[PDB]
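2 protein chains.
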Amino acid sequence: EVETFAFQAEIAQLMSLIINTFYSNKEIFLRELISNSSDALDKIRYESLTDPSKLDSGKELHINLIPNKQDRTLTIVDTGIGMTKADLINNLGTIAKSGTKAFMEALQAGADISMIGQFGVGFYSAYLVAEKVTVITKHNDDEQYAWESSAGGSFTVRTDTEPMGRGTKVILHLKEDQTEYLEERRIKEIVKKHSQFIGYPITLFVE
Amino acid sequence: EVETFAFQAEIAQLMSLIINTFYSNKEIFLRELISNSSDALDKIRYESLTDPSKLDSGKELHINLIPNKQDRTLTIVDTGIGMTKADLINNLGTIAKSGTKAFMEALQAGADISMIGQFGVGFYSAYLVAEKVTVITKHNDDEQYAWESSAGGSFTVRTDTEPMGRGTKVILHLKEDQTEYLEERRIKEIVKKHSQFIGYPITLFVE
Ligand SMILES: Cc1nc(N)nc2c1CSCC2
Ligand SMILES: Cc1nc(N)nc2c1CSCC2
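Protein sequence lines, in the order shown, are assigned to chains A and A'. A prime marks a further copy of an entry chain.
When you line the first sequence up against the authors' numbering, it's residues 16 to 176, 178 to 223, in that order.
When you line the second sequence up against the authors' numbering, it's residues 16 to 176, 178 to 223, in that order.
Spelled out as structure tokens, the structure:
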């Protein structure tokens with residue numbers, strides 16, 4: 016069973032803005048996604064402070080960056096809190112409707128697209144480089160789900176049958193002209209430029 | 016009944032570092048606290064998306080900055096998620112132990128104290144300007160509590176008997193040489209410099 020949902024109008028407009036606005040500095044997508052993974056790791060860590068069982072689904076708190084040139088995908092994996100089905104549907108646990116508004120009003124008063132993260136919607140920056148994003152996620156309180164969207168106003172959710181234990185994988189199916197983000201040295205440069213001080217180990221996988 | 020608690024050793028060391036390190040750019044405290052209030056507002060907003068009753072305790076989502084020259088206090092008030100007694104005790108809902116470590120290791124690789132917020136412990140930057148901080152908070156799931164600390168290794172928690181509905185008030189009892197932060201024009205400059213794009217209205221109260 017694949018369920019198809021309409022994005023809320025503001026989210027669709029946000030995504031359409033991210034996709035069609037000329038904006039060369041695309042590399043910030045990776046900072047935003049790593050920061051999202053970092054927040055999710057903080058969240059499961061905080062919960063585990065008072066209930067260690069919350070880590071039964073996996074004790075290690077990390078972020079993996081996985082490029083795959085043959086699939087043309089870059090995958091960001093964390094072992095953070097993950098998302099329930101309800102979270103996914105509800106704009107992947109973001110306040111995306113009011114976030115989009117504040118971001119818009121910010122763009123008005125001279126904000127840059129690189130500030131998208133300050134408004135709780137940095138996830139959608141994935142669309143600077145990806146023609147399609149697939150999000151596989153497992154929260155302690157729910158089954159494993161796959162969310163997917165090539166934008167154009169709709170997304171799908173289905174149950175996902178390779179278990180990951182707990183966390184979220186963001187699979188970026190890159191646009192054909194953005195394969196530089198599969199390059200080890202390019203990924204290293206960006207992680208060093210924008211994610212130097214993240215508090216969890218970031219492992220860049222080799223091909 | 017006033018209960019007195021010892022800070023965890025790392026938090027005490029963090030606070031001692033914030034208090035004793037020479038660092039002129041103290042104004043960042045206000046950005047960090049407003050950002051904390053912003054995160055707390057996002058949190059109650061996200062919860063209300065699926066359970067509007069969560070806003071029975073107050074529909075308006077805002078931040079107030081209240082200077083009081085006669086008390087020598089600057090108070091940051093939000094109507095965000097607030098904190099339970101357990102949250103307060105557990106380092107005001109922060110991952111302060113692992114946050115402090117990452118911040119330390121960041122200070123090692125050439126981080127600045129202004130980056131404290133990236134590590135989930137920007138609250139403690141209050142101690143750049145305050146000799147004492149009192150935190151009054153009300154979470155939907157608990158009573159209203161007052162947390163207090165002049166640092167020196169301990170904090171107190173007690174039940175608080178002026179109801180606020182829902183949210184958190186951070187009362188900064190300013191050091192005697194930091195009263196510039198009670199000045200309307202100084203507060204305006206800082207809010208404009210560092211908090212321009214916050215997604216909730218910030219009201220600077222007049223005396
Ligand atoms: C829990 C979580 N994890 C990751 N990696 N990304 C997101 C969420 C929910 S917030 C924005 C997207
Ligand atoms: C919920 C909340 N509100 C505010 N204002 N400050 C804090 C928290 C909990 S996180 C860091 C301190």
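All C-beta atoms, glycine included, are put in the ideal place defined by N, C-alpha and C.
Rounded separation between residue i and residue j - CA only
| i | j | result |
| --- | --- | --- |
| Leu190(A') | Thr184(A') | 18 Å |
| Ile59(A') | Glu223(A) | 43 Å |
| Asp57(A') | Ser169(A') | 30 Å |
| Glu62(A) | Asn155(A) | 11 Å |
| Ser31(A) | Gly167(A) | 8 Å |
| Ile43(A') | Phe213(A) | 19 Å |
| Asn35(A') | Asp193(A) | 51 Å |
| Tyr38(A) | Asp66(A) | 44 Å |
| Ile26(A) | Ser53(A') | 21 Å |
| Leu29(A) | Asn51(A) | 18 Å |
| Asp127(A') | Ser211(A) | 15 Å |
| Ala121(A) | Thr94(A) | 32 Å |
| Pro179(A') | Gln159(A') | 7 Å |
| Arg202(A) | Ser68(A) | 39 Å |
| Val144(A) | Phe22(A') | 45 Å |
| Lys41(A) | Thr195(A) | 12 Å |
| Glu200(A) | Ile131(A') | 30 Å |
| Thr174(A') | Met119(A') | 34 Å |
| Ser72(A) | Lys208(A') | 44 Å |
| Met98(A) | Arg87(A') | 44 Å |
| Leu64(A) | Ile78(A) | 20 Å |
| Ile33(A) | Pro82(A) | 23 Å |
| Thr109(A) | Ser129(A) | 18 Å |
| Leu70(A) | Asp102(A) | 20 Å |
| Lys204(A) | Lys84(A') | 50 Å |
| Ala24(A) | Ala24(A') | 49 Å |
Residue i vs residue j beta-carbon contact at 8 Å
| i | j | result |
| --- | --- | --- |
| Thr171(A') | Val17(A') | yes |
| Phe138(A') | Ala117(A') | no |
| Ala111(A) | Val92(A) | no |
| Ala161(A') | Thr149(A') | yes |
| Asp157(A) | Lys100(A) | yes |
| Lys153(A) | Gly114(A) | no |
| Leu89(A') | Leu220(A') | no |
| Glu146(A') | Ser165(A') | yes |
| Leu48(A) | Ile206(A) | no |
| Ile151(A) | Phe20(A) | no |
| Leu80(A) | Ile218(A) | yes |
| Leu76(A) | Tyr216(A) | yes |
| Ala124(A) | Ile96(A) | no |
Beta-bridge partners of residue i, as assigned by DSSP
| i | result |
| --- | --- |
| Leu188(A) | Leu89(A) and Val148(A) |
| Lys153(A') | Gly183(A') |
| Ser169(A') | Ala21(A') |
| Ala161(A) | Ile151(A) and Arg173(A) |
| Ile218(A') | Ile78(A') |
Which residue spans inside the segment 71-150 of chain A' form an unbroken beta strand (DSSP E) run of at least 3? 78-83 and 88-93
What residues in the segment 22-52 of chain A' have a beta carbon less than 8 Å from any beta carbon of chain A? none
If the cut-off is 8 Å on Cβ atoms, which residues from the segment 52-77 of chain A' count as contacting chain A, listed in chain order? If you check each beta-carbon in the segment 52-77 of chain A' against every beta-carbon of chain A, the ones closer than 8 Å belong to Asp57, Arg60, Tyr61, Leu64 and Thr65.
Can you give me, in chain order, the residues of the segment 79-105 of chain A that have a beta carbon less than 8 Å from any beta carbon in chain A'? Flagged, chain order: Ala101 and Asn105.
Residues of the segment 130-144 of chain A' whose Cβ lies closer than 9 Å to any Cβ of chain A, in chain order: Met130, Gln133, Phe134 and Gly135
At a Cβ cut of 9 Å, what residues of the segment 206-219 of chain A' count as close to chain A, listed as they run along the chain? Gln212, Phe213, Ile214, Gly215 and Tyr216
Positions along the segment 159-173 of chain A whose CB lies within less than 9 Å of some CB in chain A': Across the segment 159-173 of chain A, no CB contact with chain A' closer than 9 Å is found for any residue.
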